[PDB]
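Here's entry24.cif, which has mmCIF, C-alpha atoms:
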```cif
data_coords
#
loop_
_atom_site.label_atom_id
_atom_site.label_comp_id
_atom_site.auth_asym_id
_atom_site.auth_seq_id
_atom_site.Cartn_x
_atom_site.Cartn_y
_atom_site.Cartn_z
CA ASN A 144 7.42 -3.52 -12.21
CA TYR A 145 6.24 -6.88 -10.70
CA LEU A 146 6.05 -7.79 -7.00
CA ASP A 147 8.17 -10.79 -6.03
CA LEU A 148 7.22 -12.44 -2.74
CA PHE A 149 10.73 -13.97 -2.42
CA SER A 150 12.77 -10.87 -3.22
CA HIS A 151 15.71 -9.78 -1.13
CA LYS A 152 15.57 -6.11 -2.37
CA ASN A 153 13.07 -3.96 -0.44
CA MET A 154 10.38 -1.83 -2.08
CA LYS A 155 9.43 1.62 -0.76
CA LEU A 156 5.96 2.97 0.00
CA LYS A 157 5.28 6.61 0.84
CA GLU A 158 2.24 8.67 1.82
CA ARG A 159 1.51 12.30 2.63
CA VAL A 160 -1.42 12.40 5.05
CA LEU A 161 -3.07 15.77 5.58
CA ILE A 162 -3.60 16.75 9.17
CA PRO A 163 -7.33 17.53 9.34
CA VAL A 164 -7.19 20.87 11.15
CA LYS A 165 -10.31 22.01 9.30
CA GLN A 166 -12.23 19.23 11.06
CA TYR A 167 -10.76 19.81 14.52
CA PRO A 168 -10.40 23.59 14.84
CA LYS A 169 -9.10 23.65 18.42
CA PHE A 170 -6.99 20.45 18.41
CA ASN A 171 -3.20 20.76 18.76
CA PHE A 172 -2.30 17.90 16.47
CA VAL A 173 1.25 18.98 16.01
CA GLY A 174 1.92 18.98 19.74
CA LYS A 175 0.41 15.56 20.30
CA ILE A 176 2.36 13.72 17.59
CA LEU A 177 5.73 15.11 18.50
CA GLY A 178 5.47 15.14 22.33
CA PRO A 179 7.55 16.11 25.38
CA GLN A 180 10.71 17.17 23.53
CA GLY A 181 10.49 14.84 20.44
CA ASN A 182 9.74 11.63 22.22
CA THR A 183 6.35 10.55 20.87
CA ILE A 184 7.00 10.57 17.13
CA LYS A 185 10.35 9.00 18.05
CA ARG A 186 8.73 5.92 19.61
CA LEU A 187 6.02 5.94 16.90
CA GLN A 188 8.77 5.41 14.34
CA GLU A 189 10.53 2.86 16.54
CA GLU A 190 7.25 0.96 16.92
CA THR A 191 6.10 1.01 13.24
CA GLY A 192 9.50 0.52 11.58
CA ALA A 193 8.65 3.49 9.33
CA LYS A 194 10.03 6.98 8.79
CA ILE A 195 7.47 9.52 9.88
CA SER A 196 7.90 13.26 9.96
CA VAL A 197 5.56 16.23 10.22
CA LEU A 198 5.84 18.81 7.46
CA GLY A 199 4.26 21.84 5.82
CA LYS A 200 2.64 25.13 6.88
CA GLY A 201 2.45 25.10 10.66
CA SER A 202 4.85 22.25 11.34
CA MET A 203 7.18 24.29 13.68
CA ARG A 204 4.23 26.15 15.06
CA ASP A 205 5.76 29.68 15.09
CA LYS A 206 4.68 31.78 12.16
CA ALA A 207 7.96 33.77 12.29
CA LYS A 208 10.57 31.00 12.32
CA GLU A 209 8.64 29.53 9.43
CA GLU A 210 8.58 32.76 7.44
CA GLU A 211 12.27 33.30 8.14
CA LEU A 212 13.21 29.77 7.06
CA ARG A 213 10.86 29.70 4.04
CA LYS A 214 12.28 32.98 2.82
CA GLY A 215 15.82 31.82 3.51
CA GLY A 216 15.06 29.36 0.73
CA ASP A 217 17.38 26.71 2.11
CA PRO A 218 16.19 23.62 0.08
CA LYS A 219 15.74 21.53 3.21
CA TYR A 220 12.94 23.76 4.46
CA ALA A 221 11.25 23.40 1.05
CA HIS A 222 8.28 21.58 2.55
CA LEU A 223 7.26 24.62 4.57
CA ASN A 224 4.97 25.78 1.71
CA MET A 225 2.91 22.61 1.69
CA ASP A 226 -0.26 21.80 3.58
CA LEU A 227 0.35 20.51 7.08
CA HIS A 228 0.76 16.74 6.85
CA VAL A 229 2.44 13.56 8.08
CA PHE A 230 4.91 11.96 5.76
CA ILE A 231 5.08 8.21 6.21
CA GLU A 232 7.79 6.24 4.44
CA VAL A 233 8.51 2.51 4.65
CA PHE A 234 11.28 0.52 3.14
CA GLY A 235 10.43 -3.16 3.45
CA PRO A 236 10.71 -6.72 2.03
CA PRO A 237 7.94 -7.17 -0.57
CA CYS A 238 6.26 -9.92 1.43
CA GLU A 239 5.56 -7.49 4.26
CA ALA A 240 5.83 -3.99 2.80
CA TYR A 241 2.09 -3.54 2.60
CA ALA A 242 1.65 -4.92 6.09
CA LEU A 243 4.21 -2.36 7.36
CA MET A 244 2.63 0.67 5.74
CA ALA A 245 -0.88 -0.37 6.71
CA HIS A 246 0.16 -0.83 10.34
CA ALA A 247 1.86 2.56 10.18
CA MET A 248 -1.22 4.18 8.66
CA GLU A 249 -3.29 2.68 11.48
CA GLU A 250 -1.03 4.08 14.20
CA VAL A 251 -1.04 7.49 12.56
CA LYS A 252 -4.81 7.49 12.01
CA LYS A 253 -4.99 7.28 15.84
CA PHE A 254 -3.50 10.74 15.98
CA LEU A 255 -5.14 12.37 13.00
CA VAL A 256 -8.61 11.13 13.80
CA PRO A 257 -8.30 11.21 17.57
CA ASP A 258 -11.96 10.64 18.51
CA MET A 259 -12.11 7.48 16.31
CA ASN B 144 -0.78 13.62 -4.88
CA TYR B 145 -1.76 14.02 -1.17
CA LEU B 146 -3.77 11.51 0.92
CA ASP B 147 -6.93 12.86 2.55
CA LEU B 148 -8.17 10.90 5.57
CA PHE B 149 -11.66 12.45 5.21
CA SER B 150 -12.11 11.96 1.47
CA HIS B 151 -15.23 10.53 -0.05
CA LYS B 152 -13.53 9.66 -3.41
CA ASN B 153 -11.72 6.29 -3.41
CA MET B 154 -8.09 5.70 -4.34
CA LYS B 155 -6.91 2.60 -6.22
CA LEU B 156 -3.95 0.33 -5.40
CA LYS B 157 -2.68 -2.47 -7.63
CA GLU B 158 -0.07 -5.23 -7.44
CA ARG B 159 1.21 -7.98 -9.73
CA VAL B 160 2.44 -10.84 -7.55
CA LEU B 161 4.52 -13.53 -9.25
CA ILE B 162 3.42 -17.07 -8.60
CA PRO B 163 6.66 -18.69 -7.41
CA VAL B 164 6.64 -21.86 -9.51
CA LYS B 165 10.42 -22.14 -9.53
CA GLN B 166 10.27 -22.35 -5.72
CA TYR B 167 7.54 -25.00 -5.69
CA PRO B 168 8.32 -27.22 -8.68
CA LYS B 169 5.43 -29.68 -8.27
CA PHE B 170 2.72 -27.37 -6.84
CA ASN B 171 -0.46 -26.67 -8.85
CA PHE B 172 -0.91 -23.09 -7.73
CA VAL B 173 -3.28 -22.17 -10.47
CA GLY B 174 -5.67 -24.99 -9.57
CA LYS B 175 -5.73 -24.15 -5.89
CA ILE B 176 -6.54 -20.45 -6.26
CA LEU B 177 -9.34 -20.89 -8.75
CA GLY B 178 -10.99 -24.04 -7.35
CA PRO B 179 -13.92 -26.34 -8.13
CA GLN B 180 -15.08 -24.53 -11.33
CA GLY B 181 -14.20 -20.96 -10.22
CA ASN B 182 -15.46 -20.88 -6.68
CA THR B 183 -12.34 -20.23 -4.61
CA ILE B 184 -11.02 -17.04 -6.23
CA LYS B 185 -14.69 -15.98 -6.29
CA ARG B 186 -14.96 -16.14 -2.47
CA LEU B 187 -11.43 -14.70 -2.13
CA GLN B 188 -12.64 -11.58 -3.89
CA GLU B 189 -15.93 -11.56 -1.94
CA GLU B 190 -13.98 -11.79 1.32
CA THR B 191 -11.22 -9.19 0.61
CA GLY B 192 -13.36 -6.64 -1.28
CA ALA B 193 -10.63 -6.63 -3.96
CA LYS B 194 -10.36 -7.62 -7.61
CA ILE B 195 -8.08 -10.59 -7.96
CA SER B 196 -7.34 -12.49 -11.14
CA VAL B 197 -4.71 -14.93 -12.32
CA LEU B 198 -2.81 -13.98 -15.47
CA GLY B 199 0.24 -14.72 -17.62
CA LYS B 200 1.97 -17.78 -19.13
CA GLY B 201 0.18 -20.82 -17.77
CA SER B 202 -2.91 -19.14 -16.39
CA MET B 203 -5.24 -21.40 -18.43
CA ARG B 204 -2.90 -24.46 -18.17
CA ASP B 205 -3.28 -25.70 -21.67
CA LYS B 206 -0.32 -24.82 -23.86
CA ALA B 207 -2.59 -24.96 -26.97
CA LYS B 208 -5.47 -22.66 -25.96
CA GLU B 209 -2.76 -20.25 -24.87
CA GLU B 210 -0.90 -20.48 -28.20
CA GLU B 211 -4.17 -20.06 -30.08
CA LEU B 212 -5.27 -17.04 -28.02
CA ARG B 213 -1.82 -15.40 -27.93
CA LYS B 214 -1.54 -15.65 -31.70
CA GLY B 215 -5.15 -14.51 -32.11
CA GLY B 216 -3.84 -11.24 -30.74
CA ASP B 217 -7.18 -10.24 -29.26
CA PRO B 218 -6.08 -7.42 -26.83
CA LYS B 219 -7.87 -8.99 -23.88
CA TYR B 220 -5.56 -12.00 -23.93
CA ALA B 221 -2.58 -9.61 -23.96
CA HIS B 222 -1.44 -10.83 -20.55
CA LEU B 223 -0.69 -14.29 -21.88
CA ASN B 224 2.96 -13.30 -22.61
CA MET B 225 3.67 -12.23 -19.05
CA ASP B 226 5.02 -14.23 -16.16
CA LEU B 227 2.37 -16.15 -14.26
CA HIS B 228 1.04 -13.90 -11.50
CA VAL B 229 -1.87 -12.74 -9.34
CA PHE B 230 -3.21 -9.31 -10.06
CA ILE B 231 -4.68 -7.66 -7.00
CA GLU B 232 -6.61 -4.42 -7.34
CA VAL B 233 -8.43 -2.46 -4.63
CA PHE B 234 -10.65 0.54 -4.89
CA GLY B 235 -11.21 1.98 -1.42
CA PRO B 236 -11.81 5.10 0.77
CA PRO B 237 -8.38 6.55 1.62
CA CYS B 238 -8.70 5.93 5.32
CA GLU B 239 -8.71 2.18 4.77
CA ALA B 240 -7.41 1.58 1.25
CA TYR B 241 -4.08 0.47 2.67
CA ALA B 242 -5.79 -1.78 5.18
CA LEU B 243 -7.76 -3.39 2.29
CA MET B 244 -4.79 -4.08 0.05
CA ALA B 245 -2.65 -5.33 2.91
CA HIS B 246 -5.40 -7.73 4.03
CA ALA B 247 -5.75 -8.85 0.41
CA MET B 248 -1.99 -9.35 0.09
CA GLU B 249 -2.06 -11.48 3.22
CA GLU B 250 -4.89 -13.68 1.90
CA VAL B 251 -3.05 -14.14 -1.36
CA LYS B 252 0.32 -14.80 0.31
CA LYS B 253 -1.58 -17.74 1.88
CA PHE B 254 -1.85 -19.28 -1.56
CA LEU B 255 1.44 -18.29 -3.11
CA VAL B 256 3.51 -19.31 -0.14
CA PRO B 257 1.41 -22.27 0.92
CA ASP B 258 3.70 -23.92 3.48
CA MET B 259 4.28 -20.70 5.52
#
```

This entry written out as structure tokens:
Amino acid sequence: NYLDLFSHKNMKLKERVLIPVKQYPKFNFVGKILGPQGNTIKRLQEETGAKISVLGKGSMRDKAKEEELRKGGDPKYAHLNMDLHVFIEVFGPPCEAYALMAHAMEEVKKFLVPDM
Amino acid sequence: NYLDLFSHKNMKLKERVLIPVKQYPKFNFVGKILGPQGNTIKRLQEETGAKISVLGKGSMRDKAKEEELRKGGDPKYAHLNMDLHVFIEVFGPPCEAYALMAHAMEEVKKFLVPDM
């Protein structure tokens, strides 16, 4: 469409960011992002105002539970075939939607490139 | 697609931002953005690392030249039917393409919402 700076309806922005395991062979990304019992990624979302979730091959870490669930074919576990990644979604007023997503990308970069 | 944080090939991002003339009845937006013979929007681009251009009904300010060019139907003047807007385009490495466009949006907000 067009972007209207004074629009009351929010636009969405979405990104699937690969988790660079190739580049960090011994780094437990998945662990770090999620945290002691769900609490990190919880505050990460609270802090960014975005929806962030980890998805794809290796996201439960547990090759079995993933094979079971994949093979179960429940649609919700669809993502389990995909490369491991972080799925960032914002829903924001046009005047700030880019700000939101960029902030969110920053915060997430901190995890995915941890020696930045 | 997917977003790769360690990718050498740049992604593009584009936005068409309406210039809110209804909201600022007596404000010469077009003038301000372009400047003394082209120099503002020139630095704006230099500073953001983005491609920024003003387009649509009123972007020359000159009802005649616009009628002539519209009716001339040269494809380049296509935009002359559209609402007046700023067209922001970035071409950037994935790890910072969002940063770039958000910065650029901010800089442009500065012009389009001038009393903010």

How close does chain B get to chain A? List, as JSON lines, each residue of chain B within 7 Å, its nearest atom pair and the distance in Å to one decimal, counting all atoms listed in the file.
```
{"residue": "B:145", "atom": "CA", "partner": "A:159", "partner_atom": "CA", "distance": 5.3}
{"residue": "B:146", "atom": "CA", "partner": "A:160", "partner_atom": "CA", "distance": 4.8}
{"residue": "B:147", "atom": "CA", "partner": "A:161", "partner_atom": "CA", "distance": 5.7}
{"residue": "B:148", "atom": "CA", "partner": "A:160", "partner_atom": "CA", "distance": 6.9}
{"residue": "B:158", "atom": "CA", "partner": "A:146", "partner_atom": "CA", "distance": 6.6}
{"residue": "B:159", "atom": "CA", "partner": "A:145", "partner_atom": "CA", "distance": 5.2}
{"residue": "B:160", "atom": "CA", "partner": "A:146", "partner_atom": "CA", "distance": 4.8}
{"residue": "B:161", "atom": "CA", "partner": "A:147", "partner_atom": "CA", "distance": 5.6}
{"residue": "B:241", "atom": "CA", "partner": "A:245", "partner_atom": "CA", "distance": 5.2}
{"residue": "B:242", "atom": "CA", "partner": "A:245", "partner_atom": "CA", "distance": 5.3}
{"residue": "B:245", "atom": "CA", "partner": "A:241", "partner_atom": "CA", "distance": 5.1}
```

(request) Figure out the distance between CA of residue 173 (chain B) and CA of residue 205 (chain B), please, to one decimal in Å. (result) 11.7 Å

(request) Within 8 Å of residue 192 (chain B), counting all atoms listed in the file, which residues show up once you throw out same-chain ones fewer than 3 positions away? Write them as a PyMOL selection string, please. (result) chain B and resi 188-189+233+243

(message) Considering all atoms listed in the file, can you say which of B:220, B:172, B:234, B:167 comes closest to residue 155 (chain B)?
(response) B:234

(request) For CA of residue 150 (chain B) and CA of residue 204 (chain A), quote the distance in Å rounded to one decimal. (result)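 Calculated distance between CA of residue 150 (chain B) and CA of residue 204 (chain A) is 25.6 Å.
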
(request) Just the residues within 9 Å of residue 222 (chain B), please, counting all atoms listed in the file, with nothing from its chain fewer than 4 positions along; format it as a list in words. (result)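 So, after excluding close chain neighbours, the residues are residues 198, 199, 200, 213, 218 and 226 of chain B.
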
(request) Can you work out which one of B:223, B:180, B:190, B:232 has the shortest atom-to-atom distance to residue 207 (chain B), counting only C-alpha atoms? (result) B:223

(request) For CA of residue 202 (chain A) and CA of residue 227 (chain A), quote the distance in Å rounded to one decimal. (result)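 According to the coordinates, CA of residue 202 (chain A) and CA of residue 227 (chain A) are separated by 6.4 Å.
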
(message) Assuming the chain letters and numbering stay as they are in my file, what does the PyMOL selection byres ((chain B and resi 195) around 6) actually select? List them as a PyMOL selection string.
(response) chain B and resi 194+196+230-231
